[PDB]
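Neighbour counts run over all protein chains shown; Cβ positions are idealised from the backbone, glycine included. Numbers and lists here come from the model and the stated rules, or from a named source; none is laboratory data.
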Ligand SMILES: Nc1ncnc2c1ncn2[C@@H]1O[C@H](COP(=O)(O)OP(=O)(O)O)[C@@H](O)[C@H]1O
Ligand SMILES: [Mg+2]
């Protein structure tokens, strides 16, 4: 599909840089016609076939197709798309309160502060999985807060660069994210489905409760090995006054066999809740 090929600067003014990827840079911007603010994500296109730099058109089209389907309080929405010879430019909903990642670097969290965040993440993922969309890159840097300076911040899931529609219950190959957060089936290059997201949620939950990463090794390869082996434990020093139900929630997500892992629907009914790979 093609996108609007007018100069984006004719319609938007750009401001501060909000964030950076290997092939993307995200800048605050303001639409001239409405004065509304957005985040413009500039994704570098492939310059050839078989070039390693930039993102393939097929991959950019998939990210755009998925973003266009989304409208939910806990996910990002897509406003407009532009393109030119070098970039595709996604005008995304602005999330102005920073990464959950940097929020956690400031603040440990109480179990209630952890569940406040987690319930919203689970609601956003329930929405996506209801659509058969696997996000495949869930981690604290890809959660954003609308406002950091409130006692119970609202979050939106961002970064659909690895997301895929799963229309057969699994897809074959193999959308490798960040070693600390990827499920064993990603590590082992096995068919992947919605369950891989649920593993990432267990990793995120462990970190929210402890400030520590459950599988992190000294090298990317050692982390990957730890993940495949399900090499983690609840350190007394971090978890001694965490509730057993919170540990139970994590244990049921950090399960090697995706068939045996909690589903997003299971996770919402759980008693605790129910009311870049190579060095
Ligand atoms: N809608 C948004 N609002 C505010 N900041 C954003 C938004 N989207 C992305 N960012 C920031 O930009 C960074 C990179 O964007 P991302 O979508 O993760 O691109 P990629 O992971 O493909 O490089 C994020 O980690 C975040 O800090
Ligand atoms: Mg990111």
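Has segment 179-186 got any residue that is more than 15 Å from ligand 1 (Cβ to nearest atom) and surrounded by fewer than 16 Cβ atoms within 10 Å (Cβ to Cβ)? Within segment 179-186, not a single residue is more than 15 Å from ligand 1 (Cβ to nearest atom) and surrounded by fewer than 16 Cβ atoms within 10 Å (Cβ to Cβ).
Residues of segment 243-255 being over 11 Å from residue 214 (Cα atoms) and surrounded by 16 or more Cβ atoms within 10 Å (Cβ to Cβ), which ones? Can you show your working first?
Start the filter on segment 243-255 by keeping residues that are over 11 Å from residue 214 (Cα atoms), which leaves 243-249, 251-253, 255.
If the condition is that a residue be over 11 Å from residue 214 (Cα atoms) and surrounded by 16 or more Cβ atoms within 10 Å (Cβ to Cβ), then 246, 247, 249, 252, 253, 255 are the ones that fit.
Counting just the residues of segment 127-140 that are outside any loop (DSSP other than H, G, I, E, B) and either surrounded by 17 or more Cβ atoms within 10 Å (Cβ to Cβ) or not assigned by CATH to the domain that holds residue 165 (or both), which one comes out nearest to ligand 2 (Cβ to nearest atom)? Working first, answer last.
Just the residues of segment 127-140 that are outside any loop (DSSP other than H, G, I, E, B), to begin with: 127-130, 133-134, 140.
Then keep just the ones that are either surrounded by 17 or more Cβ atoms within 10 Å (Cβ to Cβ) or not assigned by CATH to the domain that holds residue 165 (or both); that gives 127-129, 133-134, 140.
Details: 127: 19, 128: 16, 129: 20, 133: 17, 134: 16, 140: 10 Å.
Among them, the one singled out is 140.
You will find that of 52, 30, the residue that is loosely packed, with under 13 Cβ neighbours inside 10 Å and either over 19 Å from residue 142 (Cα atoms) or not assigned by CATH to the domain that holds residue 123 (or both) is 52 and no other.
What residue, of 54, 19, 15, is over 11 Å from residue 161 (Cα atoms), touching a strand residue (DSSP E or B) at 6+ places or on another chain (Cβ under 9 Å) and within 16 Å of ligand 2 (Cβ to nearest atom)?
Values: 54 fails: within 16 Å of ligand 2 (Cβ to nearest atom); 15 fails: within 16 Å of ligand 2 (Cβ to nearest atom).
Being over 11 Å from residue 161 (Cα atoms), touching a strand residue (DSSP E or B) at 6+ places or on another chain (Cβ under 9 Å) and within 16 Å of ligand 2 (Cβ to nearest atom) holds for just one of 54, 19, 15, which is 19.
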